[PDB]
Amino acid sequence: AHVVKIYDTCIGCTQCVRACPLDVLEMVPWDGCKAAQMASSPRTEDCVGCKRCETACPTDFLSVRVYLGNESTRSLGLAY
Amino acid sequence: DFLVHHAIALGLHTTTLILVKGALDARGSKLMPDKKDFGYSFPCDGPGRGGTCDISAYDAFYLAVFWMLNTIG
Amino acid sequence: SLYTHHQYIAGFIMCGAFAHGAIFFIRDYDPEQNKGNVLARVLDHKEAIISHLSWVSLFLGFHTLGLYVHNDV
Amino acid sequence: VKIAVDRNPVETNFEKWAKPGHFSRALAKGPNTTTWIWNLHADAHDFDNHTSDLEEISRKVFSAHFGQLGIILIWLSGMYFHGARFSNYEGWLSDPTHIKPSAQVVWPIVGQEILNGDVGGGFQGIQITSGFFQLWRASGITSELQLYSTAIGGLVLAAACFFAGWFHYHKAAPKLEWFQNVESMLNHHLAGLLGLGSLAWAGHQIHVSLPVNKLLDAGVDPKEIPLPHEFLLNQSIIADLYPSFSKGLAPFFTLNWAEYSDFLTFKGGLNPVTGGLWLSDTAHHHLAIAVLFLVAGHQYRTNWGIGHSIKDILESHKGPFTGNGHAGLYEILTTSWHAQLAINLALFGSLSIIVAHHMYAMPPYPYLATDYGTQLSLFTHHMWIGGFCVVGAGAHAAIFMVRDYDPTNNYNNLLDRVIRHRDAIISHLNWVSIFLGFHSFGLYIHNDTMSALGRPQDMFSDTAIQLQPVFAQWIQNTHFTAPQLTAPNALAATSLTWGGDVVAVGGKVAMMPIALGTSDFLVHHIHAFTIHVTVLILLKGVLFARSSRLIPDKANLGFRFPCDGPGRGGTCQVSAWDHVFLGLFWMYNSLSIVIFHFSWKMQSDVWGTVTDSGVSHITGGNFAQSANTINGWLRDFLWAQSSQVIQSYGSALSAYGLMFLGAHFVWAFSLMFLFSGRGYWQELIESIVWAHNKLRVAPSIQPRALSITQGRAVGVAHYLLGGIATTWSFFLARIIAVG
Amino acid sequence: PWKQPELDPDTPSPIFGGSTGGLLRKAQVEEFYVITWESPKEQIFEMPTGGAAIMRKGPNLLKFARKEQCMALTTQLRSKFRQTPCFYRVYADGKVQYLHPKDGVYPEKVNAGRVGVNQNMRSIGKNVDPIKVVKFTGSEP
Amino acid sequence: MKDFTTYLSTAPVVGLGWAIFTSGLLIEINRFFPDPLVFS
Amino acid sequence: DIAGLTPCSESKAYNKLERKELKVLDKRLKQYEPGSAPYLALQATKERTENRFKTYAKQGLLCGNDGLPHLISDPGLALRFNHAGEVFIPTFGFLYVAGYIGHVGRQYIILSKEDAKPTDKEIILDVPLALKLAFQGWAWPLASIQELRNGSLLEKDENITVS
Amino acid sequence: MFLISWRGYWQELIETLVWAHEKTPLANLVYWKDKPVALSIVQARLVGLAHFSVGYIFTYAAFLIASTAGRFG
Ligand code: CLA
Ligand code: CLA
Ligand code: CLA
Ligand code: CLA
Ligand code: CLA
Ligand code: CLA
Ligand SMILES: CC1=C(/C=C/C(C)=C\C=C/C(C)=C/C=C/C=C(C)/C=C\C=C(C)\C=C\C2=C(C)CCCC2(C)C)C(C)(C)CCC1
Ligand SMILES: CC1=C(C/C=C(\C)CCC[C@H](C)CCC[C@H](C)CCCC(C)C)C(=O)c2ccccc2C1=O
Ligand code: SF4
Ligand code: SF4
Ligand code: SF4
């Protein structure tokens, strides 16, 4: 039940998508960049709040931020 | 009594510095330009940007209490 | 007991004033309304305040520890 | 099996001395932050990370080990030299009991000289506690000239060692094939090093250590002693001491060894004069030991084709419950250095712990048991060394699971099956720690609470609800009554700790029987609780290094990483590195108790001055009554024995009073690093960079706060240093000022 | 993909003796995950929970209690052996859900069908202060 | 030799020469005109 | 005198402390022989101790009831009652040395940053340049006021801020 | 403990006790209503500071009263 918002400064590196294990980020076409790509966060219900993605973002400041919030079974990474 | 008073001054000035910093840098830091969006008390912003453990203003108050007790001691 | 009890509480109450002063900057501070006033002019040059505070603590700490050590030896 | 070397691989020049960070690809670029500096000194000796080639890693290792020997040999030669020119050895040799050793004379500057205490013997200097003087007397050493030569030899051999490391790396370096000839190494290390090494020592003891210490113990002056070389030349002189030397090797080759009973003995016990082991017994020991290692060295089939093959031996010991067992380990050990290092460290550390127990009860070198400061310093040292080394196994085994673990080789193996029931290991081991801490530590609190409430009848003590260790008490008597039945030719027992009478030397007792009671029952259990827990922290890190339920992919993150992230409720200190960082504090805590036990027990029940009417121990035998309570350990051990350290100002022990405080400072100073985090510090530096920037005086190398992993390492280092150095001051000052 | 592949709950599993990192009571009650892939030969691979196992030529199937345990294995197979796994989510009610290649193409490659979600059209920062939203939730949305 | 002089210009080595100078100077300043407290 | 403190010459406890500290050495000196080196070492310490006490008295120090010398910090009382060498004059001695370290390091930083790869110049110093500046800093106060009055000391809002 | 040892060491440990509680023959019949997890990051900073300050007060209070009361001066 975490929140994942991506901002206007994305450049279509795809390093955020390759990093986050839980497949919570995918690439969508867009007209704003040279690469003509942008990220997205359709399924944040599966977000474990690891925050690996933010590390991948190579911009001056993060175009992808994971604002932690209410917890859940999927978010707490509980096998039980 | 001279040395004891000077030792106290060091404790009072440093304790204020730990607190004052957590207040003025509460809204934002260069390491975290938007602390205000998260809140007063949060874990960290992650192992990225070299490490962001104990940045929040709660963690400044947390460290000042050790000094406070040291000063009053 | 009475002197120690009041002194210990003094520090705990003082810590709360800063901490609860930091929450104001996050939640209840409006920059556009408080523009050009004393409260924004303090927050603008905070790098000078935190710098001078650090110097006082360093100078007080180095000299106080030194005098105590020089006499211990 | 054969010799294999590669000629002139590396050129020798100072070109790379100017370019730091050459070994790593990341560091060779250069510094743009100050973090490059910490990473440099850290990743310097991690050869496995520099390159994938196992050959180069082997060349680097085999040559660096040549450096530690040279570093040791100048250190060892320094002690011989500093003992020759700045010591009182010749004076102590003539009156050992009254004179104290001193190998560190100080200079005359502001203050300082007072440390040169009135040691005795027309000499004043720092009192040592290394036992070198008793070591040099166990061997035939009467003069200082013998120590000078011994020092010049070390510098000569040390340069040879250093030369070898340059030669074996820069000029002629072996190949990977030479290193994998493991079977050849065992035969040469067992027979050549341990076998002949011990046989050689026996020769020196027989021709020098026995013909010299016999005269010294008979009151002869050292200067009147015939020199060590003369005994070899004249078969008449030594024959006067030991008549068996007149027959000359005919008893040996004719297999009539009973003639050598004069100097080869099984006396046991201690010398009444010196309070040390009979030198004749040790020559018999090291002689015996050589024959045992010599046959052991002819086991592996190196090249002759006769003998055992390690691989055939491992893959033949199989079982039903194990499945495929011991199969893929020869490929592991011959391929990863970290696997061998973890196994070596575990036994190299547990041995130094055995050296500590088997020396104090069986004092080998003369006039050691009466030097209580020496006997207490050797125990505390070789024990700490064992704890570190043991903890290194847990660290240097987890690196194998992360880096050098290939699941292809391990299928249904012993290593694979251990991981597949790991949750049963940690679970069952968790229950034991909780069982011990309650039933062991809770007994201490019960005695404290009962005493404060005025119910001493309900405590656990000798006058009380006694819990006596029957198993230990039975073993003491069995080893004491052994010469009668189980070891008939033994003239006495191995040590007097089992049972017997007191051995007094110089008015001081060397060793006397130790009695075990209710207190010795609680403490022996307290140690197990601290050992079972220290294993839980390290063993958990090993098995869960490669993967866990919380983080199914740790191996890709690596050995040392701070955390995966604030998700899953928090993942900080999940790596195997952070398990080692935790095991250190426990390991340090466990070792510290094993030291307090030795000090209070031996002061109260063992050590003391013998008078006409029995013995007057140092602390009046208060271990039985006070130890049962925690407050006793605060009152009778700390608040009492700290009087000699506190009152050291104005005397030669003043340095211990300073270190006593200095150690508290460094201990606390560590708390800043353990309790806080790199976030607060990196922001503070920004406000400092502003002022340094405002004045146009700022570093091009940007300042950056210490890394999370480094912060934790810096804490435990300053933490252990302050925790250990306190005792080092609290012991030596207490014991040098005897009582 | 062209069409979602339905689950075949009866396929051969790898050769694995067993371990303690398996499934717990949560799986039968709440949910569990299963992963499928197709190998060309018999190989050895590291499991996320436990040790090593031997794949089988043809389809293979595992059961896990976490999505990370499954995706941890995809990253290993896609890199080491260069395969194309696909995993589902199974509830206690028997319902099945097809998760990771939801479009058939992996997320790190674009596709025309996808639609953006949680996309702010502003720069990081440049957003209202918390005082403006003091009495309801959210400064970032 | 150009690389040797460069090694000597590193931080660990230049600091070693600084320390011998400052410590050597102060210890020598205490050996002669012994134990100063007031400056004349 | 001032602050109810006696001079160290007139104090009794000051001489009491001298007779005590010498008695410790005389007792320690009895053990050894006259011509031995331990005897020479203790006699020198005796000679230094006798010199430490008389020099502190000669310097017009102020000893309290405990018998130990006290220092005075206000320059007014220091100059009025002739106690300036204690604190007031040690302050100028240190500031000249402290300023010298600053003016030197500030110049090495500025000059290396005018060239390529200044990061290498910090870890691998230019020792010829460092010695040149270190022997040119004798008149550091002149350059500071020269640089302040000129205005090239401080930077002007070309620095990073955080909000 | 709460200050030095962080969360990640403990949550892996609680996962091991959970395995034992389910695999045990009779205890498995009992099942928690709320799932057990380790304490959060910020909670431990708070908890460890409470155990830290309470010891920093109860120790001195005893020393202050006992030292002064026993001597009566
Ligand atoms: C003995 C324990 C200890 C010590 C010595 C210190 C010391 C210090 N703390 Mg601190 N702290 C501690 C525990 C300690 N802390 C604990 C337990 C906590 C809670 C976890 C904190 C939390 C804390 C915070 C939040 C802050 C500090 C800060 C500071 C610095 C304040 C400035 C100052 O006083 O100048 C110096 C004081 C000294 C005593 C000098 C120390 C060094 C001496 C002079 C040794 C000199 C080196 C000598 C040559 C030996 C070197 C050889 C060796 C390198 C081989 C200071 C150096 C504040 C700071 O950052 O300062 C700006 C700050 O913000 N501390
Ligand atoms: C930093 C590590 C360290 C340091 C600083 C010291 C320092 C000291 N040691 Mg020690 N030692 C260490 C590690 C260390 N030790 C370890 C890990 C062990 C376990 C093997 C030992 C075993 C040891 C023994 C048995 C003795 C010392 C002694 C001494 C003291 C005299 C020094 C000396 O030259 O005696 C020289 C020591 C000897 C001449 C006899 C050595 C006999 C041993 C058994 C040789 C074994 C070598 C063998 C090839 C290596 C192990 C084989 C492997 C299969 C395990 C000195 C204070 C001696 C002492 O008590 O001083 C009075 C003493 O008898 N040490
Ligand atoms: C004095 C401080 C202290 C105490 C009390 C403990 C206690 C404990 N530690 Mg810690 N340890 C400490 C310091 C301390 N540690 C510090 C500072 C560190 C930092 C390195 C560590 C790091 C650490 C680690 C990493 C681990 C432990 C573990 C443990 C637990 C081991 C199980 C056990 O023996 O419990 C037995 C119970 C006791 C020892 C309590 C004794 C007091 C009595 C018996 C309680 C009386 C109860 C009373 C009758 C009921 C009153 C009820 C009331 C409401 C009316 C235990 C609870 C291990 C663990 O938890 O796993 C098993 C674990 O692995 N320790
Ligand atoms: C042989 C063991 C050894 C040891 C113990 C050290 C120790 C150190 N090195 Mg290092 N070094 C070594 C080998 C070693 N090095 C090798 C093999 C190389 C490859 C050629 C280097 C290359 C190297 C570089 C490039 C650098 C270091 C630096 C440092 C220092 C870290 C900076 C710091 O914390 O202070 C911080 C200092 C300040 C905040 C202000 C400066 C005041 C300092 C403390 C005065 C000078 C101290 C002086 C050097 C101490 C004498 C040496 C000492 C080890 C006896 C530190 C004292 C860094 C450094 O700057 O050195 C000082 C650094 O940049 N080293
Ligand atoms: C030329 C070097 C230099 C200069 C000119 C300054 C100047 C200044 N520093 Mg500073 N600083 C330096 C180096 C330097 N620093 C280094 C290496 C460190 C890391 C330990 C720091 C850490 C530091 C802190 C934490 C603070 C300052 C602060 C300040 C300001 C107040 C003075 C003070 O008390 O600082 C403190 C002085 C020290 C910590 C001692 C520095 C160590 C040595 C003595 C200086 C280094 C000289 C250099 C290595 C020699 C190179 C010469 C070259 C020719 C080879 C001041 C403008 C304070 C401030 O913010 O101002 C309000 C403050 O809080 N500095
Ligand atoms: C392993 C043994 C051990 C340990 C770990 C401790 C640990 C502790 N003891 Mg303790 N104690 C022990 C043995 C031990 N004691 C023994 C054997 C005795 C005698 C029976 C005592 C008697 C004792 C008393 C009477 C007190 C403690 C207190 C404390 C706590 C103070 C901690 C602190 O940081 O406060 C702060 C530390 C300081 C303020 C500095 C320590 C004292 C310094 C030297 C005073 C300097 C003041 C002055 C201004 C100079 C400093 C200025 C500086 C700039 C130079 C602490 C947890 C105190 C307590 O309960 O906490 C409030 C307390 O009053 N202990
Ligand atoms: C009467 C008299 C006098 C006078 C005095 C004076 C005039 C002074 C003072 C005083 C003072 C001077 C006091 C004080 C106090 C202070 C304080 C106590 C502080 C502070 C503050 C705070 C801490 C806060 C902060 C904040 C924040 C951060 C946020 C925002 C807001 C606030 C504010 C909340 C004398 C003695 C001389 C003499 C006799 C008579
Ligand atoms: C031991 C430990 C735990 C685990 C500790 C647990 C689960 C103990 C809490 C549960 C027990 C059962 C409560 C014990 C009862 C208390 C003595 C009284 C509580 C009184 C309140 C109800 C007011 C953490 O979760 C943790 C998290 C972060 C940093 C450090 C640590 C840490 O050190
Ligand atoms: S990681 Fe950042 S820059 Fe790269 S594609 Fe994602 S949002 Fe854009
Ligand atoms: S919080 Fe973790 S799992 Fe979620 S999108 Fe970011 S990196 Fe991926
Ligand atoms: S170590 Fe610091 S950055 Fe890492 S998870 Fe813990 S609090 Fe966050």
# chains A, B, ... in the order shown; residues from 1 in each chain; ligands from 1
>>> interface_residues(of="chain C", to="chain B", cutoff="10 Å", atoms="only C-alpha atoms", output="ChimeraX atom specification")
/C:4,7-12,14-27,29,42-47,49-65,67-68
>>> residues_around(residues="stretch 44-57 of chain D", least_positions_apart="6", cutoff="6 Å", atoms="only C-alpha atoms", output="list in words")
residues 23, 24 and 176 of chain D
>>> interface_residues(of="chain D", to="chain E", cutoff="8 Å", atoms="only C-alpha atoms", output="short mmCIF file (atom, residue, chain, number, x, y, z; two decimals) with N, CA and C atoms, in the first residue's frame")
data_model
loop_
_atom_site.label_atom_id
_atom_site.label_comp_id
_atom_site.auth_asym_id
_atom_site.auth_seq_id
_atom_site.Cartn_x
_atom_site.Cartn_y
_atom_site.Cartn_z
N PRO D 407 26.28 -24.02 -6.90
CA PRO D 407 25.34 -25.10 -6.57
C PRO D 407 25.47 -26.33 -7.45
N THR D 408 26.12 -26.22 -8.61
CA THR D 408 26.27 -27.37 -9.49
C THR D 408 27.08 -28.47 -8.83
N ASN D 410 27.46 -28.98 -5.67
CA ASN D 410 26.81 -29.40 -4.43
C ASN D 410 25.34 -29.70 -4.72
N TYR D 411 25.03 -30.99 -4.89
CA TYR D 411 23.66 -31.46 -5.02
C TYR D 411 23.47 -32.65 -4.10
N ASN D 412 22.58 -32.52 -3.13
CA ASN D 412 22.36 -33.53 -2.10
C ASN D 412 23.64 -33.82 -1.32
N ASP D 416 24.78 -28.89 1.06
CA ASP D 416 23.44 -28.59 0.58
C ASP D 416 22.38 -29.00 1.59
N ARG D 417 22.59 -30.13 2.27
CA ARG D 417 21.60 -30.62 3.21
C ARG D 417 21.57 -29.77 4.48
N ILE D 419 21.92 -26.49 4.56
CA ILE D 419 21.11 -25.32 4.24
C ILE D 419 19.64 -25.68 4.21
N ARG D 420 19.32 -26.94 3.89
CA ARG D 420 17.93 -27.32 3.68
C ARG D 420 17.20 -27.60 4.99
N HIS D 421 17.92 -27.66 6.12
CA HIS D 421 17.30 -27.71 7.44
C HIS D 421 17.85 -26.64 8.36
N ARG D 422 18.25 -25.50 7.78
CA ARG D 422 18.83 -24.41 8.54
C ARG D 422 17.84 -23.83 9.55
N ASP D 423 16.56 -23.77 9.18
CA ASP D 423 15.57 -23.20 10.09
C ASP D 423 15.39 -24.07 11.32
N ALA D 424 15.73 -25.36 11.22
CA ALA D 424 15.70 -26.23 12.39
C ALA D 424 16.89 -25.98 13.29
N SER D 547 20.67 -16.46 0.88
CA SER D 547 19.26 -16.20 0.63
C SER D 547 18.48 -16.36 1.93
N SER D 548 17.35 -15.66 2.01
CA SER D 548 16.43 -15.76 3.13
C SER D 548 15.01 -15.58 2.63
N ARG D 549 14.06 -15.69 3.56
CA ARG D 549 12.66 -15.45 3.21
C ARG D 549 12.39 -13.97 3.02
N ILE D 551 14.69 -11.63 2.12
CA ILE D 551 15.45 -11.20 0.96
C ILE D 551 15.93 -12.44 0.22
N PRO D 552 15.17 -12.91 -0.78
CA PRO D 552 15.60 -14.13 -1.48
C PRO D 552 16.86 -13.98 -2.31
N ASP D 553 17.34 -12.75 -2.54
CA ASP D 553 18.56 -12.51 -3.31
C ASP D 553 19.47 -11.59 -2.50
#
>>> closest_residue(among="A:1, A:47, A:17, A:27", to="ligand 10", atoms="only C-alpha atoms and all ligand atoms")
A:47
>>> closest_residue(among="B:52, B:59, B:66, B:47", to="ligand 10", atoms="only C-alpha atoms and all ligand atoms")
B:47
>>> interface_residues(of="chain G", to="chain F", cutoff="10 Å", atoms="only C-alpha atoms", output="ChimeraX atom specification")
/G:48-49,51-52,55-56,58-61,71,83-87,89-90,120-128
>>> residues_around(residues="residue D:309", least_positions_apart="5", cutoff="10 Å", atoms="only C-alpha atoms", output="PyMOL selection string")
chain D and resi 183+299-302+314
>>> write_last_selection(atoms="N, CA and C atoms", output="compact mmCIF listing (two decimals), in the first residue's frame")
# COMPACT_ATOMS: atom_id res chain seq x y z
N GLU D 183 48.52 -32.46 -1.14
CA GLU D 183 49.04 -33.69 -0.50
C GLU D 183 50.53 -33.51 -0.18
N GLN D 299 51.98 -40.33 4.90
CA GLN D 299 50.60 -40.87 4.69
C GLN D 299 50.13 -40.62 3.25
N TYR D 300 50.04 -39.36 2.84
CA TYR D 300 49.54 -39.02 1.48
C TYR D 300 50.51 -39.52 0.40
N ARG D 301 49.94 -39.93 -0.74
CA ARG D 301 50.70 -40.44 -1.91
C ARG D 301 51.05 -39.25 -2.80
N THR D 302 52.12 -38.53 -2.46
CA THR D 302 52.53 -37.33 -3.23
C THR D 302 52.98 -37.71 -4.65
N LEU D 314 37.51 -39.02 1.21
CA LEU D 314 36.35 -38.19 1.47
C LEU D 314 35.10 -38.76 0.82
>>> interface_residues(of="chain A", to="chain B", cutoff="8 Å", atoms="only C-alpha atoms", output="compact mmCIF listing (two decimals) with N, CA and C atoms, in the first residue's frame")
# COMPACT_ATOMS: atom_id res chain seq x y z
N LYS A 51 12.94 0.59 -2.10
CA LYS A 51 13.50 1.90 -2.56
C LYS A 51 14.74 1.71 -3.45
N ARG A 52 14.92 0.53 -4.05
CA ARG A 52 16.07 0.29 -4.96
C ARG A 52 15.94 1.22 -6.18
N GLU A 54 14.74 4.29 -6.69
CA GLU A 54 15.24 5.68 -6.49
C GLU A 54 16.76 5.70 -6.72
N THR A 55 17.46 4.67 -6.23
CA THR A 55 18.94 4.58 -6.38
C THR A 55 19.29 4.51 -7.87
N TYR A 67 7.13 7.08 -1.56
CA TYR A 67 6.63 7.67 -0.33
C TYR A 67 5.99 6.58 0.51
>>> residues_near_ligand(ligand="ligand 11", cutoff="10 Å", atoms="only C-alpha atoms and all ligand atoms", output="tab-separated table (two decimals) with N, CA and C atoms, in the first residue's frame")
chain	number	residue	atom	x	y	z
A	50	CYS	N	11.20	-1.24	-0.94
A	50	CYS	CA	12.67	-1.52	-0.88
A	50	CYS	C	13.45	-0.23	-1.17
A	51	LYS	N	12.94	0.59	-2.10
A	51	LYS	CA	13.50	1.90	-2.56
A	51	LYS	C	14.74	1.71	-3.45
B	42	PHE	N	10.45	9.89	10.04
B	42	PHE	CA	10.51	8.78	9.11
B	42	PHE	C	11.88	8.13	9.28
B	43	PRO	N	12.04	6.72	8.97
B	43	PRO	CA	13.26	5.54	8.98
B	43	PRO	C	14.48	6.18	8.31
B	44	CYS	N	14.37	6.39	6.99
B	44	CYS	CA	15.42	7.00	6.14
B	44	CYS	C	14.91	7.07	4.70
B	45	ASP	N	15.70	7.70	3.82
B	45	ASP	CA	15.37	7.74	2.40
B	45	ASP	C	16.07	6.63	1.61
B	46	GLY	N	16.73	5.71	2.31
B	46	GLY	CA	17.35	4.56	1.62
B	46	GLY	C	18.86	4.57	1.63
B	47	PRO	N	19.52	3.51	1.12
B	47	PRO	CA	20.98	3.42	1.08
B	47	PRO	C	21.57	4.22	-0.09
B	48	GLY	N	20.72	4.86	-0.89
B	48	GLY	CA	21.20	5.64	-2.00
B	48	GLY	C	21.77	6.97	-1.56
B	49	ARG	N	22.45	7.63	-2.50
B	49	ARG	CA	23.13	8.90	-2.25
B	49	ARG	C	24.11	8.78	-1.09
B	50	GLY	N	24.75	7.61	-1.00
B	50	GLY	CA	25.79	7.29	0.00
B	50	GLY	C	25.25	6.83	1.35
B	51	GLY	N	23.95	7.01	1.60
B	51	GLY	CA	23.36	6.66	2.87
B	51	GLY	C	22.60	7.82	3.48
B	52	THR	N	21.36	7.57	3.91
B	52	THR	CA	20.52	8.66	4.47
B	52	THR	C	19.95	8.24	5.83
B	53	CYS	N	20.69	7.47	6.64
B	53	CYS	CA	20.14	7.01	7.95
B	53	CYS	C	20.34	8.11	9.00
B	54	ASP	N	19.27	8.47	9.74
B	54	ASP	CA	19.17	9.53	10.75
B	54	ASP	C	19.32	10.92	10.12
B	55	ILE	N	18.39	11.27	9.23
B	55	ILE	CA	18.29	12.62	8.68
B	55	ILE	C	17.12	13.39	9.25
D	561	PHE	N	26.76	-5.32	2.72
D	561	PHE	CA	25.90	-4.25	2.26
D	561	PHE	C	25.10	-3.78	3.46
D	562	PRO	N	24.80	-2.49	3.57
D	562	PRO	CA	24.12	-2.02	4.79
D	562	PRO	C	22.69	-2.50	4.90
D	563	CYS	N	21.89	-2.33	3.85
D	563	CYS	CA	20.46	-2.72	3.92
D	563	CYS	C	19.89	-2.70	2.52
D	564	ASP	N	18.83	-3.48	2.34
D	564	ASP	CA	18.10	-3.49	1.08
D	564	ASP	C	17.20	-2.27	0.98
D	565	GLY	N	16.63	-1.84	2.11
D	565	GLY	CA	15.77	-0.64	2.09
D	565	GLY	C	14.82	-0.56	3.27
D	566	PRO	N	14.12	0.58	3.47
D	566	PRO	CA	13.17	0.74	4.57
D	566	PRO	C	11.91	-0.12	4.40
D	567	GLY	N	11.82	-0.87	3.30
D	567	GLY	CA	10.67	-1.71	3.07
D	567	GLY	C	10.72	-3.00	3.87
D	569	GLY	N	9.13	-3.42	6.45
D	569	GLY	CA	9.28	-2.97	7.82
D	569	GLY	C	10.68	-2.55	8.21
D	570	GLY	N	11.68	-2.85	7.38
D	570	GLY	CA	13.07	-2.54	7.68
D	570	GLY	C	13.98	-3.72	7.43
D	571	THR	N	15.10	-3.47	6.73
D	571	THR	CA	16.06	-4.50	6.38
D	571	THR	C	17.47	-4.08	6.76
D	572	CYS	N	17.64	-3.31	7.85
D	572	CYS	CA	19.00	-2.80	8.19
D	572	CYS	C	19.71	-3.79	9.12
D	573	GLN	N	20.96	-4.20	8.79
D	573	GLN	CA	21.84	-5.19	9.41
D	573	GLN	C	21.37	-6.60	9.12
D	574	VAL	N	21.07	-6.87	7.84
D	574	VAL	CA	20.63	-8.19	7.40
D	574	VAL	C	21.75	-8.99	6.76
D	676	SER	N	24.12	6.68	16.11
D	676	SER	CA	23.61	7.59	15.05
D	676	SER	C	23.71	7.00	13.64
D	677	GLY	N	23.41	7.82	12.62
D	677	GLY	CA	23.40	7.37	11.21
D	677	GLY	C	24.01	8.42	10.29
D	678	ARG	N	24.51	8.00	9.13
D	678	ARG	CA	25.22	8.89	8.16
D	678	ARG	C	24.34	10.02	7.62
D	679	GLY	N	23.04	10.05	7.94
D	679	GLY	CA	22.22	11.11	7.38
D	679	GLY	C	22.42	12.44	8.08
D	707	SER	N	30.65	5.93	5.52
D	707	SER	CA	29.63	4.97	5.02
D	707	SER	C	28.99	4.19	6.18
D	708	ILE	N	27.74	3.77	5.98
D	708	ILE	CA	26.97	3.01	7.01
D	708	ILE	C	27.83	1.84	7.52
D	709	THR	N	28.37	1.03	6.61
D	709	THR	CA	29.17	-0.16	7.01
D	709	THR	C	30.40	0.31	7.80
D	712	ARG	N	29.61	1.48	11.43
D	712	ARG	CA	29.44	0.30	12.32
D	712	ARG	C	30.82	-0.26	12.67
H	6	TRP	N	20.36	-3.41	14.92
H	6	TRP	CA	19.21	-2.86	14.15
H	6	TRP	C	18.14	-3.92	13.90
H	7	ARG	N	17.27	-3.69	12.91
H	7	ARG	CA	16.14	-4.58	12.71
H	7	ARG	C	16.49	-5.85	11.94
H	8	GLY	N	17.31	-5.73	10.90
H	8	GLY	CA	17.42	-6.82	9.93
H	8	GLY	C	17.94	-8.11	10.52
H	40	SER	N	9.91	-1.64	14.55
H	40	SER	CA	10.31	-0.78	13.45
H	40	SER	C	11.60	-0.05	13.80
H	41	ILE	N	12.10	0.71	12.82
H	41	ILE	CA	13.38	1.46	12.98
H	41	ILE	C	13.21	2.60	13.99
H	42	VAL	N	12.20	3.45	13.78
H	42	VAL	CA	11.98	4.59	14.65
H	42	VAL	C	11.55	4.15	16.04
>>> residues_near_ligand(ligand="ligand 5", cutoff="6 Å", atoms="only C-alpha atoms and all ligand atoms", output="MDAnalysis selection string")
(chainID C and resid 51:52 54:55) or (chainID D and resid 688 691:692 697) or (chainID G and resid 102 104:106 108 130)
>>> interface_residues(of="chain D", to="chain F", cutoff="6 Å", atoms="only C-alpha atoms", output="VMD selection string")
chain D and resid 14 to 15 17 to 18
